[PDB]
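Examination of the molecular architecture
What follows is the residue order along each chain.
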Amino acid sequence: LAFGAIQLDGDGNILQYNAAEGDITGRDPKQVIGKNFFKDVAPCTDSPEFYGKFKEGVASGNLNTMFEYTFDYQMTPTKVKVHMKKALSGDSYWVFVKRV
Ligand SMILES: *C(=O)/C=C/c1ccc(O)cc1
């Protein structure tokens, strides 16, 4: 499948969410955009190795990291590879997701 892609602001609010990501997770993009990724849609990502690294990277202005993660919240459990990095646009961060 095509990468899943999510664009977040620095607080973790979902600004963009593509169809491929919804195919991985079962989420309808229009129902999650505008909600908080870490505190509402994806609470299983509220961990030091995901959310904690996100916040560090937002703070430092240097976010660019890759890691494996399990997406198992209100979906058939799926191992994924995550790449999060700062965007070019203002107050924007990308999360790219591939099944592994
Ligand atoms: C854990 O709560 C993960 C949930 C999640 C991951 C990625 C998404 O796009 C949606 C939900």
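Before going into details, it helps to say that this report is about the structure given with it.

So, how was this worked out
- Each chain's residues are numbered sequentially from 1 according to the written sequence, a convention that need not reproduce the entry's numbering, and residues without coordinates are excluded.
- Water and hydrogen atoms were dropped before computing side-chain values, which therefore reflect all heavy atoms in the structure.
- The helix and strand labels rest on DSSP assignments: H or I over at least four residues marks a helix, E over at least two residues marks a strand, and numbering proceeds from the N terminus.
- What the globule rule says is 2.2 Å times the number of residues to the power 0.38, and the radius of gyration is computed from C-alpha atoms.
- Whether two residues touch is decided by their heavy atoms; if any such pair falls within 4.5 Å, the residues are in contact.
- For every accessible area listed, the method is Shrake-Rupley and the probe measures 1.4 Å; residues are considered covered only by the protein chains on display.
- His residues and chain termini do not enter the charge count, which takes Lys and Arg as positive and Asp and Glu as negative.
- In this description, the location of a charge corresponds to atom NZ of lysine, CZ of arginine, CG of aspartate or CD of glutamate.
- Only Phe, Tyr and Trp rings take part, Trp by its six-membered ring, and two of them pair if their centres are within 6.5 Å. Stacked means planes under 30 degrees apart, edge-to-face means over 60, and tilted covers everything else.
- Three labels apply to residues, based on accessible area from a 1.4 Å probe with only protein chains included: buried if under 20% of the type maximum, exposed if over 50%, partly exposed otherwise in between.
- A ring is scored as having a charge over it whenever the NZ atom of a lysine or the CZ atom of an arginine sits within 6 Å of its centre and within 35 degrees of its normal.
- Polar contacts, as counted here, are pairs of nitrogen or oxygen atoms within 3.5 Å of one another; within protein the pair requires one atom able to donate a hydrogen and one able to accept it, and residues that are adjacent in sequence qualify only if both atoms are side-chain atoms.

Before going further, it helps to examine the overall build of the protein. Helix and strand content of the protein: four helices and five strands. From first element to last, N terminus to C terminus, the protein shows the α and β order β-β-α-α-α-α-β-β-β. In terms of overall dimensions, the protein is globule-like: its C-alpha atoms have a radius of gyration of 12 Å, near the 13 Å expected for 100 residues. Taken over the C-alpha atoms alone, the protein extends approximately 35 × 25 × 25 Å along its principal axes. In the protein, the share of contacts with a sequence separation of at least 24, taken over all contacts with a separation of at least 6, comes to 38%. Total accessible area computed for the protein in this model is approximately 5400 Å², and 50% of it derives from carbon and sulfur atoms. Separation of charge centres in the protein, based on 12 positive and 12 negative side chains, amounts to 4 Å.

This brings us to the packing of aromatic side chains. What the rule picks out here adds up to eleven aromatic pairs. Ring geometry for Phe-37 against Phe-50: centres 6.0 Å apart, planes inclined by 50°, an arrangement best described as tilted. Of this pair, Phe-37 sits in helix α3 (residues 37-41) while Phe-50 sits in helix α4 (residues 48-60); the two residues are 13 residues apart in sequence, bridging distant segments of the chain. Here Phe-37 and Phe-50 have matching classes, each one buried. An aromatic cluster of at least three residues, connected via ring pairs, comprises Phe-37, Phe-38, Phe-50, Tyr-51, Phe-54, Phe-67, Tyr-69, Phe-71 and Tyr-93. Of note, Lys-55 hangs over the ring of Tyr-51, and the distance from its end group to the ring centre comes to 4.2 Å.

Next up on the list: the side chain of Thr-45. With respect to the helices and strands, the residue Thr-45 is situated in the loop between α3 and α4. On the basis of relative accessibility, which here comes to 0%, the residue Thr-45 falls in the buried class. Engagement of the side chain of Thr-45 in a polar contact is seen with the backbone oxygen of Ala-42, the distance being 2.7 Å. When near neighbours in sequence (up to four residues on either side) are disregarded, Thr-45 contacts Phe-37, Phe-38, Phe-50, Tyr-51, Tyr-69 and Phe-71.

Moving on: unusual backbone geometry. Its identity as a non-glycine residue notwithstanding, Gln-74 has a phi of 55°, on the positive side. Along the polypeptide, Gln-74 turns up in the loop between β3 (64-71) and β4 (78-86). At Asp-91, a residue that is not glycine, the phi angle is positive and equals roughly 50°. Within the fold, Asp-91 resides in the loop between β4 and β5 (93-99).

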